[PDB]
Each structure stands twice: as structure tokens, then as C-alpha cells.
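S.K.: Take this structure first; my questions come after.
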Amino acid sequence: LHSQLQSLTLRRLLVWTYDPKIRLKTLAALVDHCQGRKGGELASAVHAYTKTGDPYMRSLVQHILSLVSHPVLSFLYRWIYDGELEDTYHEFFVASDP
Amino acid sequence: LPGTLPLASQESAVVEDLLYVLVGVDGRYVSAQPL
């Protein structure tokens, strides 16, 4: 958008920036729904929005879930085949006792 | 001040004003009123 300013006008900007007013409206409302959640409880609050109903969102959030749920499936594949859980911060839902 | 303005030319001013209102943004002459 800056390279063309040297032509575009206001009524021309509206169509250019009509789509990134939505992605910047799901993400700017995805970080408020999960404010105090840490660990797996956050990977469970970015899954509650996956079913947005529209395919323009149900296909955006269902990608952030595929990144947020990678560390969770890292403990799981560790606590299942090796039985050695290690998380200084309490995230995994299996809590040991010293 | 479209009153003190010629006829055949002020029409070209409304057609540019009326070309915003079709988008939603208010205009210079053709304005919107609260719902």
C-alpha cells in the first residue's frame, strides 16, 4: 500500500482493506477471550472459537489451534511412550507428587 | 454553495458526492441522518 502512495484514494482504500478488517477482528477478539489462561487451559479456549460458523474464520482459528496444540501433543507423546513428564510450569493435566 | 453555481457543472459535483454515499461514507451535499 505504501509503494502506490507515490494512485489510491480513501474510497479506494475501503476495498483494499475490507478483508484485513476481519482477520484483525477475530485475532483482536481471540486474545481477550483467553486472557488469564496458561498451559493447556489456553489450548482449550482457542478451541471454543474454531466453530465460527463461517468458512473465512472456521479456517483461520483452526490453524492457530494446529500450532497452539503442538506443545500439548508434545507432553502427551512423551508421557505415553516414555513416562517422563517434565514441566517446571504446571501445564500438563498429569500432576506428580514429590 | 450550489445555488450560486452553474447548472450543467453542479451536476458533475453531485455525481462525485453521490459516488461516496453508495459506499457508506457520508458526503459533502448528500448527507445521512441518524436512524
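From first to last, the protein sequence lines stand for chains T and M.
As numbered in the deposited numbering, residues 342 to 347, 361 to 452 make up the first sequence, in order.
Add 231 to the 1-based position in the second sequence for the deposited numbering, that's all there is to it.
Note that beta-carbon positions come from the ideal geometry of N, C-alpha and C, so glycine has one too.
Note down, in chain order, each residue of its chain lying with its Cβ closer than 6 Å to the Cβ of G393(T), except the 5 sequence neighbours on either side.
M.R.: Translated into positions along the first sequence, residue 393(T) becomes position 39. Closer than 6 Å at Cβ, skipping near neighbours: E445.
S.K.: Here's a check: name, in chain order, each residue in its chain whose Cβ is nearer than 8 Å to the Cβ of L419(T), leaving out the five neighbours to either side.
M.R.: Reading the first sequence from its first residue, position 65 is the one you call residue 419(T). Answer for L419(T): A397, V400, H401, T404, listed in chain order.
S.K.: Cβ of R366(T) less than 8 Å from any chain M Cβ?
M.R.: The residue you call residue 366(T) lines up with position 12 of the first sequence. No, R366(T) does not count as interfacial toward chain M.
S.K.: Report the option in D451(T), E440(T), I376(T) whose CA atom is closest to the CA atom of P425(T).
M.R.: Walking along the first sequence from the start, residue 425(T) turns up at place 71. Selected option, being the one with the closest Cα: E440(T).
S.K.: By how many angstroms is the C-alpha of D408(T) removed from the C-alpha of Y260(M)?
M.R.: Along the second sequence, read from residue 1 onward, the residue named residue 260(M) stands at position 29. Along the first sequence, read from residue 1 onward, the residue named residue 408(T) stands at position 54. So the alpha carbons of these two residues sit roughly 38 Å apart.
S.K.: Taking the alpha-carbon positions, what's the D451(T) to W433(T) distance?
M.R.: Taking the first sequence and counting its residues from 1, one reaches residue 451(T) at position 97. Taking the first sequence and counting its residues from 1, one reaches residue 433(T) at position 79. Computed Cα separation, rounded: 15 Å.
S.K.: With a 10 Å radius around its C-beta and 16 neighbouring C-beta atoms as the bar for buried, classify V448(T) as buried or exposed.
M.R.: Within the first sequence, residue 448(T) is the residue found at index 94, counting from 1. It is exposed - the Cβ of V448(T) has fewer than 16 other Cβ atoms within 10 Å.
S.K.: For a test of the three-state rule: what should DSSP assign to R412(T), helix, strand or coil?
M.R.: Taking the first residue of the first sequence as position 1, residue 412(T) is located at position 58. If DSSP states are grouped into helix, strand and coil, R412(T) belongs with coil.
S.K.: What distance in whole Å lies between the Cβ atoms of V252(M) and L368(T), which are believed to be in contact at a cut-off of 8 Å?
M.R.: Counting from one through the first sequence, the residue named residue 368(T) turns up at place 14. Counting from one through the second sequence, the residue named residue 252(M) turns up at place 21. Contact flag wrong, Cβ pair sits at about 13 Å.
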